[PDB]
Structures are given as structure tokens and as C-alpha cells.
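Participant: What follows is target04.tsv; its format and atoms are TSV, C-alpha atoms and all ligand atoms.
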chain	number	residue	atom	x	y	z
A	1	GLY	CA	0.00	0.00	0.00
A	2	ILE	CA	0.90	3.69	0.16
A	3	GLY	CA	3.84	4.12	2.53
A	4	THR	CA	3.28	5.45	6.03
A	5	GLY	CA	6.81	5.84	7.31
A	6	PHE	CA	9.13	8.80	7.30
A	7	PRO	CA	12.66	7.32	7.10
A	8	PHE	CA	14.53	10.51	6.20
A	9	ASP	CA	17.52	11.60	8.27
A	10	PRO	CA	16.68	14.93	9.92
A	11	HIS	CA	18.67	18.02	8.99
A	12	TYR	CA	18.39	21.38	10.69
A	13	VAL	CA	19.59	24.83	9.62
A	14	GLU	CA	19.43	28.03	11.66
A	15	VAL	CA	17.32	30.65	9.84
A	16	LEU	CA	16.61	34.09	11.41
A	17	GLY	CA	17.48	32.76	14.88
A	18	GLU	CA	15.25	29.68	14.58
A	19	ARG	CA	15.83	26.14	13.36
A	20	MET	CA	14.13	24.77	10.24
A	21	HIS	CA	14.05	21.04	9.68
A	22	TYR	CA	14.45	19.62	6.16
A	23	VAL	CA	14.79	16.39	4.27
A	24	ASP	CA	17.91	16.34	2.05
A	25	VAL	CA	18.56	13.26	-0.05
A	26	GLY	CA	19.92	12.35	-3.47
A	27	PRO	CA	23.06	13.17	-5.39
A	28	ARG	CA	25.06	16.23	-4.35
A	29	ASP	CA	25.75	17.39	-7.86
A	30	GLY	CA	23.21	18.79	-10.23
A	31	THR	CA	20.23	21.04	-9.83
A	32	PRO	CA	18.26	20.42	-6.63
A	33	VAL	CA	14.52	19.96	-6.41
A	34	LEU	CA	12.85	21.94	-3.63
A	35	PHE	CA	9.52	20.58	-2.34
A	36	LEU	CA	7.18	23.02	-0.54
A	37	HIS	CA	4.26	21.77	1.57
A	38	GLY	CA	1.24	23.74	2.79
A	39	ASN	CA	-1.45	23.73	5.52
A	40	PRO	CA	-1.63	21.65	7.74
A	41	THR	CA	1.05	19.33	6.39
A	42	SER	CA	4.86	19.09	6.48
A	43	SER	CA	7.61	17.37	4.51
A	44	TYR	CA	5.72	14.15	5.44
A	45	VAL	CA	3.37	14.93	2.51
A	46	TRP	CA	6.30	14.27	0.11
A	47	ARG	CA	7.48	11.02	1.71
A	48	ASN	CA	6.17	8.78	-1.11
A	49	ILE	CA	7.05	11.12	-3.97
A	50	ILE	CA	10.69	11.90	-3.13
A	51	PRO	CA	11.72	8.18	-3.56
A	52	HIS	CA	11.02	8.44	-7.28
A	53	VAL	CA	13.16	11.57	-7.69
A	54	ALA	CA	16.00	11.08	-5.24
A	55	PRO	CA	17.86	8.43	-7.36
A	56	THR	CA	18.66	11.09	-9.97
A	57	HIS	CA	18.28	14.48	-8.27
A	58	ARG	CA	18.87	16.08	-4.87
A	59	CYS	CA	15.54	16.54	-3.06
A	60	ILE	CA	15.20	19.20	-0.35
A	61	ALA	CA	11.91	19.33	1.58
A	62	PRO	CA	11.75	21.87	4.39
A	63	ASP	CA	9.18	22.06	7.09
A	64	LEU	CA	7.78	25.59	7.14
A	65	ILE	CA	8.49	27.62	10.24
A	66	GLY	CA	6.10	26.56	13.01
A	67	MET	CA	5.28	23.22	11.29
A	68	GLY	CA	6.72	19.75	11.10
A	69	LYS	CA	9.95	19.44	13.05
A	70	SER	CA	10.83	23.12	12.60
A	71	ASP	CA	10.97	25.42	15.58
A	72	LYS	CA	7.83	27.20	16.84
A	73	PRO	CA	8.53	30.86	17.53
A	74	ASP	CA	5.75	33.13	18.76
A	75	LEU	CA	4.87	34.72	15.40
A	76	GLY	CA	1.60	35.60	13.75
A	77	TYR	CA	2.53	33.10	11.02
A	78	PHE	CA	1.35	35.47	8.34
A	79	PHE	CA	2.22	34.60	4.78
A	80	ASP	CA	4.89	37.30	5.02
A	81	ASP	CA	6.47	35.41	7.92
A	82	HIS	CA	6.67	32.25	5.82
A	83	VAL	CA	8.12	34.30	2.95
A	84	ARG	CA	10.89	35.71	5.17
A	85	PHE	CA	11.78	32.31	6.61
A	86	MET	CA	11.68	30.51	3.27
A	87	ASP	CA	13.80	33.18	1.56
A	88	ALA	CA	16.32	32.82	4.33
A	89	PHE	CA	16.18	29.02	4.22
A	90	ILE	CA	16.98	29.00	0.50
A	91	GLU	CA	19.96	31.30	1.01
A	92	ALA	CA	21.23	29.41	4.10
A	93	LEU	CA	21.46	26.24	2.00
A	94	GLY	CA	23.39	28.14	-0.66
A	95	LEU	CA	20.92	27.13	-3.36
A	96	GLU	CA	21.55	28.69	-6.75
A	97	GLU	CA	19.18	27.40	-9.44
A	98	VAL	CA	16.40	24.99	-8.44
A	99	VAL	CA	13.37	23.11	-9.66
A	100	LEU	CA	10.29	23.71	-7.48
A	101	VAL	CA	7.64	21.11	-6.58
A	102	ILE	CA	4.84	22.88	-4.77
A	103	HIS	CA	1.32	22.44	-3.46
A	104	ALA	CA	-1.48	24.62	-1.97
A	105	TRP	CA	0.12	27.16	0.45
A	106	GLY	CA	3.53	25.87	-0.62
A	107	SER	CA	2.55	26.92	-4.15
A	108	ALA	CA	1.99	30.54	-3.11
A	109	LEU	CA	5.35	30.52	-1.39
A	110	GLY	CA	7.03	28.88	-4.40
A	111	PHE	CA	5.38	31.00	-7.12
A	112	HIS	CA	6.06	34.20	-5.19
A	113	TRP	CA	9.73	33.29	-4.84
A	114	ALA	CA	9.97	32.23	-8.50
A	115	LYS	CA	8.40	35.49	-9.74
A	116	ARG	CA	10.98	37.44	-7.74
A	117	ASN	CA	13.85	35.12	-8.76
A	118	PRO	CA	13.01	33.84	-12.25
A	119	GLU	CA	16.62	33.25	-13.24
A	120	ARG	CA	16.95	30.70	-10.45
A	121	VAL	CA	13.91	28.61	-11.36
A	122	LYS	CA	14.45	25.89	-13.95
A	123	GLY	CA	10.99	24.37	-13.74
A	124	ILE	CA	7.89	24.23	-11.53
A	125	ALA	CA	5.79	21.15	-10.81
A	126	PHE	CA	2.59	22.15	-9.03
A	127	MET	CA	-0.77	20.88	-7.95
A	128	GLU	CA	-3.95	22.20	-6.29
A	129	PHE	CA	-2.37	25.62	-6.17
A	130	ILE	CA	-3.41	29.05	-4.91
A	131	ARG	CA	-4.93	31.54	-7.33
A	132	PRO	CA	-7.32	34.39	-6.39
A	133	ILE	CA	-10.85	33.21	-5.56
A	134	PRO	CA	-12.80	36.20	-6.85
A	135	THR	CA	-15.99	35.63	-4.81
A	136	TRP	CA	-17.17	33.02	-2.36
A	137	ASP	CA	-19.16	31.45	-5.18
A	138	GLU	CA	-15.85	30.23	-6.61
A	139	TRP	CA	-14.92	28.49	-3.38
A	140	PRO	CA	-16.04	24.83	-3.39
A	141	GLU	CA	-19.57	24.82	-2.02
A	142	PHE	CA	-19.03	21.80	0.23
A	143	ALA	CA	-16.29	23.71	2.15
A	144	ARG	CA	-17.72	27.24	2.04
A	145	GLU	CA	-19.38	27.57	5.46
A	146	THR	CA	-16.39	26.04	7.14
A	147	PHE	CA	-13.80	28.31	5.49
A	148	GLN	CA	-15.99	31.33	6.21
A	149	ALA	CA	-16.02	30.21	9.90
A	150	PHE	CA	-12.29	29.57	9.92
A	151	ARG	CA	-11.81	33.22	8.89
A	152	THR	CA	-12.92	34.59	12.30
A	153	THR	CA	-11.09	35.05	15.61
A	154	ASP	CA	-13.97	33.50	17.57
A	155	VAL	CA	-15.42	30.43	15.85
A	156	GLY	CA	-12.37	29.96	13.66
A	157	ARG	CA	-9.97	29.82	16.55
A	158	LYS	CA	-12.31	27.56	18.50
A	159	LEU	CA	-12.40	25.16	15.55
A	160	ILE	CA	-8.76	25.20	14.46
A	161	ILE	CA	-6.85	26.00	17.64
A	162	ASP	CA	-9.03	24.52	20.41
A	163	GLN	CA	-10.59	21.60	18.51
A	164	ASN	CA	-7.85	20.88	15.90
A	165	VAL	CA	-10.40	20.69	13.07
A	166	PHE	CA	-7.89	21.50	10.33
A	167	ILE	CA	-5.97	18.28	11.17
A	168	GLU	CA	-8.82	16.03	12.26
A	169	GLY	CA	-11.36	17.08	9.63
A	170	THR	CA	-10.13	19.33	6.84
A	171	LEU	CA	-7.03	17.24	6.07
A	172	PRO	CA	-8.95	13.94	5.53
A	173	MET	CA	-11.64	15.79	3.59
A	174	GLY	CA	-8.89	16.73	1.15
A	175	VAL	CA	-7.89	13.10	0.37
A	176	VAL	CA	-10.11	10.64	-1.52
A	177	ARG	CA	-8.63	7.47	-0.08
A	178	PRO	CA	-8.87	6.86	3.67
A	179	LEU	CA	-5.91	7.99	5.79
A	180	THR	CA	-4.61	5.39	8.25
A	181	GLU	CA	-4.17	6.04	11.96
A	182	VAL	CA	-0.38	6.00	11.57
A	183	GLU	CA	-0.65	8.70	8.88
A	184	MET	CA	-3.02	10.79	11.00
A	185	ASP	CA	-0.59	10.52	13.93
A	186	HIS	CA	2.31	11.81	11.78
A	187	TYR	CA	0.15	14.81	10.81
A	188	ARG	CA	-0.96	15.36	14.42
A	189	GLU	CA	2.53	15.18	15.88
A	190	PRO	CA	3.62	18.84	15.46
A	191	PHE	CA	0.30	20.12	16.88
A	192	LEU	CA	-0.45	18.05	19.99
A	193	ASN	CA	-0.52	21.25	22.04
A	194	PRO	CA	-3.31	23.65	20.98
A	195	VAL	CA	-1.19	26.77	21.38
A	196	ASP	CA	1.10	25.53	18.60
A	197	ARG	CA	-1.78	25.55	16.12
A	198	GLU	CA	-1.43	29.28	15.28
A	199	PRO	CA	-0.12	28.72	11.70
A	200	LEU	CA	-3.06	26.38	10.99
A	201	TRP	CA	-5.47	29.24	11.74
A	202	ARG	CA	-3.57	32.11	10.17
A	203	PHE	CA	-3.23	30.26	6.85
A	204	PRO	CA	-6.97	30.12	5.93
A	205	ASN	CA	-7.18	33.75	7.09
A	206	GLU	CA	-4.58	34.59	4.44
A	207	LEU	CA	-6.37	32.82	1.55
A	208	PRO	CA	-7.13	35.28	-1.27
A	209	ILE	CA	-10.93	35.04	-1.32
A	210	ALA	CA	-13.42	37.80	-2.25
A	211	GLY	CA	-10.66	40.38	-2.36
A	212	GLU	CA	-9.48	39.71	1.19
A	213	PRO	CA	-6.80	40.09	2.40
A	214	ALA	CA	-6.05	42.66	-0.27
A	215	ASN	CA	-2.25	42.35	0.09
A	216	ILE	CA	-2.35	38.59	-0.52
A	217	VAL	CA	-4.80	38.96	-3.41
A	218	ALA	CA	-2.43	41.46	-5.06
A	219	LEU	CA	0.62	39.21	-4.59
A	220	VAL	CA	-1.16	36.12	-5.95
A	221	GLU	CA	-2.52	38.07	-8.93
A	222	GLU	CA	1.06	39.18	-9.63
A	223	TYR	CA	2.56	35.71	-9.67
A	224	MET	CA	-0.36	34.47	-11.79
A	225	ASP	CA	0.31	37.32	-14.24
A	226	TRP	CA	3.92	36.13	-14.39
A	227	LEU	CA	3.00	32.45	-14.71
A	228	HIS	CA	0.73	33.16	-17.74
A	229	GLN	CA	3.65	34.74	-19.60
A	230	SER	CA	6.86	33.14	-18.33
A	231	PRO	CA	8.48	30.40	-20.47
A	232	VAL	CA	9.51	28.53	-17.26
A	233	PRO	CA	8.79	24.79	-17.76
A	234	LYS	CA	5.58	23.84	-15.90
A	235	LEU	CA	4.12	20.48	-14.84
A	236	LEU	CA	0.54	20.60	-13.51
A	237	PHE	CA	-0.92	17.59	-11.64
A	238	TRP	CA	-4.69	17.48	-11.19
A	239	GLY	CA	-7.28	15.00	-9.95
A	240	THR	CA	-10.97	14.12	-10.20
A	241	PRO	CA	-13.00	15.86	-8.90
A	242	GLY	CA	-10.30	18.07	-7.43
A	243	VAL	CA	-10.94	21.00	-5.09
A	244	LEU	CA	-9.30	24.23	-6.28
A	245	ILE	CA	-8.38	22.87	-9.74
A	246	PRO	CA	-11.16	20.65	-11.24
A	247	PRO	CA	-10.37	18.61	-14.35
A	248	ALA	CA	-11.96	20.88	-16.95
A	249	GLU	CA	-10.13	23.89	-15.49
A	250	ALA	CA	-6.76	22.08	-15.27
A	251	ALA	CA	-6.94	21.26	-18.97
A	252	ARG	CA	-7.77	24.85	-19.81
A	253	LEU	CA	-4.95	26.15	-17.61
A	254	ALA	CA	-2.32	23.86	-19.14
A	255	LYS	CA	-3.25	24.99	-22.66
A	256	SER	CA	-3.12	28.65	-21.59
A	257	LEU	CA	0.12	28.62	-19.51
A	258	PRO	CA	3.29	28.54	-21.64
A	259	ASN	CA	5.35	25.34	-21.68
A	260	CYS	CA	2.95	23.47	-19.42
A	261	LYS	CA	2.19	19.78	-19.35
A	262	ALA	CA	-0.77	18.54	-17.33
A	263	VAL	CA	-0.97	15.08	-15.79
A	264	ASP	CA	-4.14	13.33	-14.57
A	265	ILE	CA	-3.56	11.60	-11.21
A	266	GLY	CA	-6.96	9.86	-11.13
A	267	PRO	CA	-9.22	10.31	-8.12
A	268	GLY	CA	-8.20	13.29	-6.03
A	269	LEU	CA	-9.33	16.30	-4.01
A	270	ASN	CA	-6.73	18.71	-2.58
A	271	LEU	CA	-3.83	16.64	-1.12
A	272	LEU	CA	-3.14	14.79	-4.37
A	273	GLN	CA	0.13	13.46	-2.93
A	274	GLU	CA	-1.92	11.17	-0.70
A	275	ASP	CA	-4.02	9.75	-3.53
A	276	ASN	CA	-1.35	8.88	-6.16
A	277	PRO	CA	2.20	9.51	-4.97
A	278	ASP	CA	3.76	6.95	-7.32
A	279	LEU	CA	2.40	8.65	-10.43
A	280	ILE	CA	3.35	12.11	-9.18
A	281	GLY	CA	6.87	11.08	-8.27
A	282	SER	CA	7.50	9.05	-11.45
A	283	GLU	CA	6.16	11.86	-13.69
A	284	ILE	CA	8.33	14.44	-11.88
A	285	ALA	CA	11.41	12.22	-12.41
A	286	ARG	CA	10.58	11.79	-16.09
A	287	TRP	CA	9.89	15.49	-16.58
A	288	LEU	CA	13.17	16.50	-14.88
A	289	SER	CA	15.06	14.46	-17.47
A	290	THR	CA	13.61	16.76	-20.18
A	291	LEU	CA	14.88	19.98	-18.61
A	292	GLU	CA	18.22	21.73	-19.21
A	293	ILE	CA	19.43	21.19	-15.60
B	301	LIG	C1	-13.61	17.84	16.91
B	301	LIG	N1	-14.56	18.63	16.15
B	301	LIG	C2	-15.06	19.85	16.74
B	301	LIG	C3	-14.75	18.37	14.82
B	301	LIG	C4	-15.41	19.31	14.00
B	301	LIG	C5	-15.62	19.05	12.66
B	301	LIG	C6	-15.17	17.86	12.08
B	301	LIG	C7	-15.27	17.53	10.75
B	301	LIG	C8	-15.80	18.52	9.77
B	301	LIG	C9	-14.90	19.10	8.87
B	301	LIG	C10	-15.30	20.08	7.98
B	301	LIG	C11	-14.26	20.64	7.08
B	301	LIG	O1	-13.06	20.55	7.37
B	301	LIG	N2	-14.68	21.25	5.97
B	301	LIG	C12	-13.73	21.82	5.02
B	301	LIG	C13	-13.32	20.74	4.05
B	301	LIG	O2	-12.39	21.31	3.11
B	301	LIG	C14	-11.86	20.26	2.30
B	301	LIG	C15	-11.39	20.75	0.97
B	301	LIG	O3	-10.05	21.22	1.09
B	301	LIG	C16	-9.95	22.60	1.31
B	301	LIG	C17	-8.61	22.98	0.75
B	301	LIG	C18	-8.21	24.43	0.97
B	301	LIG	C19	-6.84	24.73	0.36
B	301	LIG	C20	-6.14	26.02	0.79
B	301	LIG	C21	-4.68	26.09	0.31
B	301	LIG	CL1	-4.69	25.94	-1.37
B	301	LIG	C22	-16.63	20.50	8.00
B	301	LIG	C23	-17.52	19.95	8.89
B	301	LIG	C24	-17.13	18.97	9.79
B	301	LIG	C25	-18.25	18.35	10.56
B	301	LIG	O4	-18.28	17.13	10.77
B	301	LIG	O5	-18.95	19.18	11.22
B	301	LIG	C26	-14.72	16.26	10.22
B	301	LIG	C27	-14.77	15.88	8.89
B	301	LIG	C28	-14.20	14.69	8.46
B	301	LIG	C29	-13.59	13.84	9.36
B	301	LIG	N3	-13.06	12.64	8.94
B	301	LIG	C30	-13.20	12.24	7.55
B	301	LIG	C31	-12.41	11.73	9.87
B	301	LIG	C32	-13.54	14.21	10.70
B	301	LIG	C33	-14.10	15.40	11.12
B	301	LIG	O6	-14.00	15.70	12.46
B	301	LIG	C34	-14.51	16.89	12.94
B	301	LIG	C35	-14.30	17.18	14.27
B	302	CL	CL	-5.53	27.20	4.48
Take the structure in the file and give it back as C-alpha cells.
Ligand SMILES: CN(C)c1ccc2c(-c3cc(C(=O)NCCOCCOCCCCCCCl)ccc3C(=O)O)c3ccc(=[N+](C)C)cc-3oc2c1
Ligand SMILES: [Cl-]

Facilitator:
Amino acid sequence: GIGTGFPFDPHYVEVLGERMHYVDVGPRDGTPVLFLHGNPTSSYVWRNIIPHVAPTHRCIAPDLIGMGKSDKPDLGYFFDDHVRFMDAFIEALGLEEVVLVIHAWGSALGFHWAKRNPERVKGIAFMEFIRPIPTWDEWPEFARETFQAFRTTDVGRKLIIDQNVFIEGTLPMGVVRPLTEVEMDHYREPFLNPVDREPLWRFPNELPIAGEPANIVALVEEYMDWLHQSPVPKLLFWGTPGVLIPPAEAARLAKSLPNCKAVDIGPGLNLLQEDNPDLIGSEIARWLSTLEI
């Protein structure tokens, strides 16, 4: 079955006075592949995809500040905080040019870095990614009341911080196949203490929905503007029925974005890595071999 373990040797690097954990495997020469997780996951989400890429390319998978095995400073965990820590992480590792593999909130981080540093990005593989949601009618109806609730300091904090709903409920609702107890426990591990759940609550409060927050909407519009014009090689994974990227939309996006190939993963919602890791990892490895890296 789909693997549940996390065998990777831990690595830590000091970034802005705090430690960030990261997976680092594969050959030391060549162009590295940087994997960026989102909410409420960690590098664990890449555990079954990296084994297809690591034979031929270095794979680096950080845990975002406040998540995974990374330290937990008392921040707001705004998107800007993740930007500062990820920018510093990339420079601390001395990375020059990279290929990005990104998902969901990791996709906003990755696209925003790539737009600012296009000479250092040799390709982007992405899935169930963040674009502006113009009105609440474009948010998936089955998750609309909950995300509206999450975006409050009363009910949203009760749900996400006190009751851990993002881990116990939203995470499984983003995977078609059933998650095992061992997998759930890996996802729960960084957040056993409620107070550490701050990033899980700030993230949905940052989503660019109905114009709000305006600073995030502007930033995401900007990287989308770039992505529709840039010749950067693109690999878009999508699933059925999907969540943010449904099949008919994925096909339209791939034909509109330059130098984009789209790959059907089969059944999927948001966390496509949990529904078909072997296809995602084997397609990434094949696509890397086509790049000038
Ligand atoms: C302990 N306690 C107080 C709760 C409360 C609620 C649940 C829910 C649940 C959750 C939602 C819920 O999250 N909607 C949102 C779904 O969004 C999925 C789509 O992806 C969004 C991606 C966004 C991407 C952004 C970056 Cl691109 C709604 C209502 C309830 C409910 O049952 O009231 C559970 C639901 C499932 C579940 N299992 C399958 C084991 C367990 C649950 O255990 C709860 C415990
Ligand atoms: Cl979120």
C-alpha cells in the first residue's frame, strides 16, 4: 500500500534565529529539487514522492516555520512570515538554481519566490495551487461555510486551535482514499498542544478570497500574471473531482500557460500526494530528465 513511514535523516539549519528542519537526499551534484508543503502538512506529505526523484536528483523538503519538526517561535505566522523564513532558508542552503515542486500554500510561497527570482527557477511542478478566488461562489460549495467560519477570531480559533479541526477534519476531507491512523498521527505530531496551532489558523485567514486580504490577493494576482507569460517549464498535476483545480479547469490552464504539461492523477481532491504519490513522483522524475538542468 501507500507508505506510512518517514525514514529521512533529519537536517536542521538556523534561519533568522530559529531552526528549520528539512529532508535532504539524493546526489550532491546537479540542480536540486525543492519541495514546498502547505497547511496543515509538512515534509511528510512528500514522503512517497521523493523516492522516485532522489535516485537522480537532490531533493530538499523543508518544514515551514512553526510546522513539522521546525521550531515554533511566537509569530503571527502570516504569509509574510513564511516568505521571510523561506527566503532565508533557501539562502542558508546556498541554493543557486532549483526546480520547485509545490502544493497549496507551498505553491503561493514557491510561485512568489519564483516570480521574484526567475533566473533561479528551472521548472515548476505544481498541484492544487493558490490563485485568487474572486468571490465566495468560486470556493467549493461543500467547504464554504467552514472556510468562512475559519476566517474569524472566535469560531475559527475555537475550531482550528481549540478543537484541531484542520488536522482532524479538513485534512482527511482533502484526500479521496482513507488515511490510516499512523498517517493521522504523523500529521498530528507537530500540533499536539493547541497553542502551537497558530499557523493552521492564520493560513486560511490569508487565503485570497473575495478580495481579502487585499495584500495577498495582489501578490497572488502578480505571480499568476507572471505564470501566464513566463516560459519557465511547468508540470501541472490534477485529480478528479479536485478542489481548487477541477479537471476541466486544469486542462484549460495547461493549454493557456506557456510550456505546461498537465498530468491526470486519477481520483483526487486537494492533497493529491496522498491519492497517487507513485504517479506524481514518477512523472516528476521523467519530466526532470527533459529539462536543461
Ligand atoms: C472535533 N470537532 C469539533 C470536529 C469538528 C468538525 C469535524 C469535521 C468537519 C470538517 C469540515 C471541514 O473541514 N470542511 C472543510 C473541508 O475542506 C476540504 C477541501 O479542502 C480545502 C482545501 C483548501 C486549500 C487552501 C490552500 Cl490551497 C466540515 C464539517 C465537519 C463536521 O463534521 O462538522 C470532520 C470531517 C471529516 C472527518 N473525517 C473524515 C475523519 C472528521 C471530522 O471531524 C470533525 C471534528
Ligand atoms: Cl488554508

Participant: Please extract the residues at most 8 Å from ligand CL 302 (chain B), counting all atoms listed in the file, and provide them as a VMD selection string, using the chain letters and residue numbers of this document.

Facilitator: chain A and resid 38 to 40 105 200 to 207

Participant: Rounded to one decimal, what separation in Å do you get between CA of residue 239 in chain A and CA of residue 274 in chain A?

Facilitator: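 Between CA of residue 239 in chain A and CA of residue 274 in chain A the gap works out to 11.4 Å.
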
Participant: Which is closer to ligand LIG 301 (chain B) than all the others in A:281, A:208, A:267, A:233, using all atoms listed in the file?

Facilitator: A:208

Participant: Considering all atoms listed in the file, state which residue in the set A:213, A:132, A:32, A:3 is at the smallest distance from ligand LIG 301 (chain B).

Facilitator: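 Going through A:213, A:132, A:32, A:3 one by one, the smallest distance to ligand LIG 301 (chain B) is for A:132.
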
Participant: Given the point (15.9, 20.9, 1.8) in the file's coordinates, find the residues that have an atom at most 6 Å from it, counting only C-alpha atoms, and give them as a CSV table (one decimal) with C-alpha atoms, in the coordinates of the input.

Facilitator:
chain,number,residue,atom,x,y,z
A,22,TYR,CA,14.4,19.6,6.2
A,23,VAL,CA,14.8,16.4,4.3
A,24,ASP,CA,17.9,16.3,2.0
A,60,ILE,CA,15.2,19.2,-0.4
A,61,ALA,CA,11.9,19.3,1.6
A,62,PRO,CA,11.8,21.9,4.4

Participant: Determine, counting all atoms listed in the file, every residue of protein, DNA or RNA that lies within 10 Å of (0.1, 34.1, -22.2) in the file coordinates, then give the result as a PyMOL selection string.

Facilitator: chain A and resi 225-231+255-258

Participant: Would you write out, as a tab-separated table, a table of all residues in chain A that have an atom no more than 9 Å from an atom of ligand LIG 301 (chain B), listing for each the closest atom pair and the distance in Å to one decimal, considering all atoms listed in the file and ordering rows by chain and rising residue number?

Facilitator:
residue	atom	partner	partner_atom	distance
A:38	CA	B:LIG301	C21	6.8
A:39	CA	B:LIG301	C21	6.6
A:103	CA	B:LIG301	CL1	7.3
A:104	CA	B:LIG301	CL1	3.5
A:105	CA	B:LIG301	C21	4.9
A:106	CA	B:LIG301	CL1	8.3
A:107	CA	B:LIG301	CL1	7.8
A:108	CA	B:LIG301	CL1	8.3
A:128	CA	B:LIG301	CL1	6.2
A:129	CA	B:LIG301	CL1	5.3
A:130	CA	B:LIG301	CL1	4.9
A:131	CA	B:LIG301	CL1	8.2
A:139	CA	B:LIG301	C18	9.0
A:140	CA	B:LIG301	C15	7.6
A:142	CA	B:LIG301	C13	7.0
A:143	CA	B:LIG301	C12	4.3
A:144	CA	B:LIG301	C12	7.4
A:145	CA	B:LIG301	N2	7.9
A:146	CA	B:LIG301	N2	5.2
A:147	CA	B:LIG301	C12	6.5
A:158	CA	B:LIG301	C2	8.4
A:159	CA	B:LIG301	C2	6.1
A:160	CA	B:LIG301	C2	8.6
A:162	CA	B:LIG301	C2	8.5
A:163	CA	B:LIG301	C1	5.1
A:164	CA	B:LIG301	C1	6.6
A:165	CA	B:LIG301	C3	5.2
A:166	CA	B:LIG301	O1	6.0
A:167	CA	B:LIG301	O1	8.4
A:168	CA	B:LIG301	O6	5.2
A:169	CA	B:LIG301	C26	3.5
A:170	CA	B:LIG301	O1	3.2
A:171	CA	B:LIG301	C14	6.8
A:172	CA	B:LIG301	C30	5.0
A:173	CA	B:LIG301	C14	4.7
A:174	CA	B:LIG301	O3	4.6
A:175	CA	B:LIG301	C14	8.4
A:178	CA	B:LIG301	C30	7.9
A:179	CA	B:LIG301	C31	8.5
A:203	CA	B:LIG301	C21	7.9
A:204	CA	B:LIG301	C20	6.6
A:207	CA	B:LIG301	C20	6.8
A:242	CA	B:LIG301	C15	8.9
A:243	CA	B:LIG301	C15	6.1
A:244	CA	B:LIG301	CL1	6.9
A:269	CA	B:LIG301	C15	7.0
A:270	CA	B:LIG301	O3	5.5
A:271	CA	B:LIG301	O3	8.0

Participant: Determine the nearest neighbour of residue 93 in chain A from the options A:21, A:1, A:199, A:284, counting only C-alpha atoms.

Facilitator: A:21

Participant: Please list as a PyMOL selection string every residue within 6 Å of range 67-70 of chain A, counting all atoms listed in the file and excluding residues in the same chain fewer than 6 positions away.

Facilitator: chain A and resi 19-21+42+190

Participant: Work out how far CA of residue 29 in chain A is from CA of residue 58 in chain A, in Å to one decimal.

Facilitator: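 Distance between the two atoms: 7.6 Å.
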
Participant: Point out the residue among A:214, A:291, A:195, A:100 with the least atom-to-atom distance to residue 121 in chain A, counting only C-alpha atoms.

Facilitator: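 Result for the nearest residue to residue 121 in chain A: A:100.
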
Participant: Which residue out of A:248, A:10, A:280, A:289 has the minimum interatomic distance to residue 263 in chain A when only C-alpha atoms are used?

Facilitator: A:280

Participant: Quick one: axis-aligned box around all listed atoms of range 77-89 of chain A, 3 Å on every side, centre and edge lengths in Å to one decimal, written as JSON.

Facilitator:
{"center_x": 8.8, "center_y": 33.2, "center_z": 6.3, "size_x": 21.0, "size_y": 14.3, "size_z": 15.5}

Participant: Taking 4 positions as the minimum chain separation for residues in the same chain, which residues sit within 9 Å of range 83-87 of chain A when counting all atoms listed in the file? Answer as a list in words.

Facilitator: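 Those residues are residues 15, 16, 20, 62, 64, 65, 78, 79, 91, 92, 109, 112 and 113 of chain A.
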
Participant: How would the residues just picked look written out with C-alpha atoms as a compact mmCIF listing (two decimals), keeping the file's coordinate frame?

Facilitator:
# COMPACT_ATOMS: atom_id res chain seq x y z
CA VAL A 15 17.32 30.65 9.84
CA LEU A 16 16.61 34.09 11.41
CA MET A 20 14.13 24.77 10.24
CA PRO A 62 11.75 21.87 4.39
CA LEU A 64 7.78 25.59 7.14
CA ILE A 65 8.49 27.62 10.24
CA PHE A 78 1.35 35.47 8.34
CA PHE A 79 2.22 34.60 4.78
CA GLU A 91 19.96 31.30 1.01
CA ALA A 92 21.23 29.41 4.10
CA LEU A 109 5.35 30.52 -1.39
CA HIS A 112 6.06 34.20 -5.19
CA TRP A 113 9.73 33.29 -4.84

Participant: Expressed in Å to a single decimal, how great is the separation between CA of residue 247 in chain A and CA of residue 118 in chain A?

Facilitator: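 Answer for the CA of residue 247 in chain A to CA of residue 118 in chain A separation: 28.0 Å.
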
Participant: Could you pull the residues within 9 Å of residue 186 in chain A, counting only C-alpha atoms, minus those fewer than 6 positions along the same chain, as a list in words?

Facilitator: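 Returned residues: residues 4, 5, 6 and 44 of chain A.
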
Participant: Here is a test: counting all atoms listed in the file, which residue of A:54, A:33, A:157, A:48 is nearest to residue 198 in chain A?

Facilitator: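 Closest residue, counting all atoms listed in the file: A:157.
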